[PDB]
Amino acid sequence: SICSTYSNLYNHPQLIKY
Amino acid sequence: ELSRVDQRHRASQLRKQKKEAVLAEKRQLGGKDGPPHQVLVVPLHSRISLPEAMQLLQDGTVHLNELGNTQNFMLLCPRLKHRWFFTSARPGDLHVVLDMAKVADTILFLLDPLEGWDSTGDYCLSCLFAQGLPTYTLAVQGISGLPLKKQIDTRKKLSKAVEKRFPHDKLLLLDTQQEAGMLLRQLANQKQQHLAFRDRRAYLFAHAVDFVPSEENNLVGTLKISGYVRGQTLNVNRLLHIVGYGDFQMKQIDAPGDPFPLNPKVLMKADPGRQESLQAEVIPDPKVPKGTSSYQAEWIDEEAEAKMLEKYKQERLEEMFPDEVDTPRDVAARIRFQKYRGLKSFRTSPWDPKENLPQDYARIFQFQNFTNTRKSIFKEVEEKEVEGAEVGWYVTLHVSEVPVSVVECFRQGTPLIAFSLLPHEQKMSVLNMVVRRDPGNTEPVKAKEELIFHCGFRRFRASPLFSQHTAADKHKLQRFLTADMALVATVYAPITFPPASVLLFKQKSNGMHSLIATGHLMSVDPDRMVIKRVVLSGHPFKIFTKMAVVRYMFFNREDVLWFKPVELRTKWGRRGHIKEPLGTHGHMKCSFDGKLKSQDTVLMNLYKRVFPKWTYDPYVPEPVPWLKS
Amino acid sequence: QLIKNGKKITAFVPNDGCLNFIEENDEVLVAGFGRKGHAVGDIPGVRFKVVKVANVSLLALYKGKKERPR
Amino acid sequence: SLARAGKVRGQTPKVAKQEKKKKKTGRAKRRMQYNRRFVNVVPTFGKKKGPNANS
RNA sequence: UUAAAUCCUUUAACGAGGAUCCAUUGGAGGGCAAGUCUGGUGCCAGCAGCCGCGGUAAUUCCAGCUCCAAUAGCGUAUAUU
RNA sequence: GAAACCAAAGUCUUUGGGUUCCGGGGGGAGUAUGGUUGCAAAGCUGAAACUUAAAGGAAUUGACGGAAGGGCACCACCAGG
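Residues numbered from 1 in each chain as written, not as in the entry; some residues may be left out. Chains lettered and ligands numbered in written order. Part of a larger assembly, values for the part shown. Heavy atoms only, no water. Residues with missing side-chain atoms left out of burial classes, pairs and counts.

- Deposited coordinates in this entry are attributed by the record to cryo-EM, at a stated resolution of 3 Å.

Following this line, the structure appears as structure tokens:
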């Protein structure tokens, strides 16, 4: 509650494969 | 190496290989097989009258084309065994000269004998220098209309004037047709300066443009742009970008008769529906008593000028103090800086590159490995041959959907230059450029201010982000574009494979484009973290040994508790940490490594990640000719 | 990589911010650094320094007397 | 990691050069150097002061 | 003047008050001549032929002022004495 | 003579009795290669790229001794309160 956060992993760009 | 005769044999072998490479490179241009040698003529001074220079330079055979305003021709001579296509452009008219300077193989500058050039000539020359210089040649006009005693001094004064931009280049005269023949001989035999961006794409200059409307009420139709392929082999399946109007797919290529051969109807390809590249700019898929208190309940016109002046004072304040922000006492600091955190070190402290991403990142494309993909695509460009039209062929492109206004522009006099793209060049992502500020303009430029980008044959409006050009993972946001640094501009744009010349213009007033920044394109990635810093300052007003009581950094008691974990630093080199808040106001006890001076200030750095604003639009207003105030 | 023999060298770019005037695949004039093929000072294994970038001097770029083409 | 380029030069505030009277050149400058070092000499007990000595 | 010129020389007329008809290139710890000046940076950027300087009072970095050397010239790389 | 020292390591800037071998900052390295000798092991001859601001020789003091001897102290002990 001072310098703590959840920050979930969401809405990444679609990556172009190699 | 030993054995003198064998050393000479080795030298002869290297001579033969290098000479074979030289002759292979030189024969591709202005000949029976290659494309015409394209020359763009720029008269740098307003006293230079372009038409008599073009008429003297006009006479082999001449085939004159006609446009709305500009007048260009095509020259054909078997004495030099060489084929020319001459064009002319007025400096200041940045649209035309900058847009067809990226197709000409040689730029011919014309010079005033008395003065070097105008300010407009200097502006156009700066744009040409930053956009990419082809092979250039300098010529002068009014030398022979002067006596000899003034002639020698005039040439010496010109030589003094030119060295500041062109250090060691010979000046040729255009006074007599014999001098004109000498100048064509000089242009026919040069060392060619090769631009990489031209050589990796497949570009074409439109010699004749025809239009057939699909529906006149729809104001769209099939365009037939005919000219010589000059870059790589032109394949139909790749998309075609017209430099002023965007990128879109093309329907058919045919090869009509080359109208002007050096020495004097069938369709080549239609596009398969499966092998065609798709028009995809972005991703398609998105029990308390009555009167007691809590203390005992726990017991139980001029507005624009004003904006310019406040911009000036903001730029001056942000130069004396890097990212210093006064904390508001009306709202809490932990609410106004809710998204801000503290880094122990800007270098070593971790930051997740995918921690909190905006909804705009769900609309762009990323590269799994951009370097390997770029190298692979360039290897299929160089080492592999496609079934398209070879270079130097006069072909006609049937492109599918284009507005009528383009045709109107082609009747105005503005040239059309169309280039076919690489794979993965229509899709949009986060472009990062490195630019430095031009000395001509000194207007302050905010980070998210709208600018006009010339980024590798494209022109578009965008709102960038300026960052430190640093090799680390985090980069500090620059709130202003500084005059001397090299900065990174971050935008949303369709992706380009480097190298690419980059120009940044500002729409000043009355349709005037002012060049503010010049540079090139760095690697494309959206995972490049841009970090905005906010610096909060407090005054240590009760100093004891190695710990102090500091005020004015906060104004609540729980703001001190919220930003307790962030380490404080000091303008005089001390490092400390918040120990306790005492007052209901933002007074706090802070420990430090040493003892503080009375003249000292404590300060705390807070960090957030910032993303650019999606203000991309390919339409760019046509500039008026440039002039000085 | 030197043009005339194809050998690869490392050259030091002296002043601050002067590496930003250099891009990849650029034409660069290089001289020795002063000790005749011997490494100088802090830098391990550098005998050379960049004199000119794209046929304009790094001194004129640093002092802002001239502009660089590309 | 690290490797900033032109950090301090881009950090330092730009102070403009003041407009001053031009210096004499040639024989006049040598005359002024001679008259300052050998003509209007001030006697000193130990001579511990330089020409650019400040404080 | 000269083949004809140009230049030099000779000459009418115009052409000088410091915002000009404005002199640069390197340097200021020692070697090695000349600042413990001020501001900024903070083992970073960089300087430094060598010794070294820079990790918060930097005589060495980046600037301003001042000063020093040669001066229509002065740096740097390399071969050589 | 740099000195420790040396009747030679003296008769050397007041420098020439005759003559042989042999060194030229520290490393790479007495290594690679070639030649030659040897049954072999190896011997003799013998580099370069590259790296380094030192490496070394004589002397001169003595922080510190986990070096040794002595002395003193109920803010040390022994016998105790």
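1. Re the packing of aromatic side chains
Residue and element names in this part refer to chain B.
Then step 1. For the structure on display, the rule yields 28 aromatic pairs over all chains.
Then step 2. Aromatic side chains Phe 73 and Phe 86 sit 5.4 Å apart centroid to centroid with 15 degrees between the ring planes, which places their arrangement in the stacked category. Of this pair, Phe 73 sits in strand β3 (residues 73-77) while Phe 86 is found in strand β4 (residues 82-88), placing the two residues 13 residues apart along the sequence. In this structure, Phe 73 and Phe 86 share a single accessibility class: buried. (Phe/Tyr/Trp six-rings, centres within 6.5 Å; stacked < 30°, edge-to-face > 60°. Helix = DSSP H or I, 4+ residues; strand = E, 2+ residues; numbered from the N terminus. Buried < 20%, exposed > 50% of the residue type's maximum accessible area, 1.4 Å probe, protein only.)

2. So, the pattern of salt bridges
Residue and element names in this part refer to chain B.
Then step 1. Evaluated as defined, the whole model comprises 29 salt bridges over all chains.
Then step 2. Salt-bridge contacts for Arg 458 lead to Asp 247; the nearest nitrogen and oxygen are separated by 3.2 Å. Like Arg 458, the residue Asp 247 is buried in the burial classification.
Then step 3. Between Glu 324 and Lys 571 there is a salt bridge, with the nearest N and O atoms lying 3.7 Å from each other. (Salt bridge = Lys/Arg side-chain N within 4 Å of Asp/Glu carboxyl O.)

3. Examining the pairing of strand β21 (residues 474-478) of chain B
All names here are of chain B.
Then step 1. Most of β21 sits inside the fold, with five of its five residues counted as buried.
Then step 2. As paired strands, strand β20 (residues 466-468) and β21 are joined by two bridges and run antiparallel to one another. By the bridge assignment for β21, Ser 467 is matched with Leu 477.
Then step 3. Joining the antiparallel neighbours β20 and β21 is a turn of five residues.
Then step 4. The sheet contact formed by β21 and strand β25 (residues 529-543) spans three bridges and is parallel. In the sheet register, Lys 476 faces β25, and the bridge partner there is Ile 531. (Pairing = 2+ DSSP bridges.)

4. Considerations on the interface of chain B and chain A
Many structure descriptions define interface size as the accessible area lost when the parts assemble.
Then step 1. With 22 residues of chain B at the interface, the matching set in chain A holds 15 residues.
Then step 2. Listing elements by their share of the side of chain B that touches chain A, those giving two or more residues are β14 (365-367), α11 (370-382) and α13 (558-562) of chain B.
Then step 3. Of the residues assigned to the side of chain B that touches chain A, the class counts are 12 nonpolar, seven polar and three charged.
Then step 4. The pairing of strand β1 (residues 14-16) of chain A with β14(B) spans three bridges and is parallel. When the sheet's bridge partners are listed, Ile16(A) is paired in β14(B) with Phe367(B). (Contact = heavy atoms within 4.5 Å. Nonpolar A, V, L, I, M, F, W, Y, C, P; charged D, E, K, R; others polar.)

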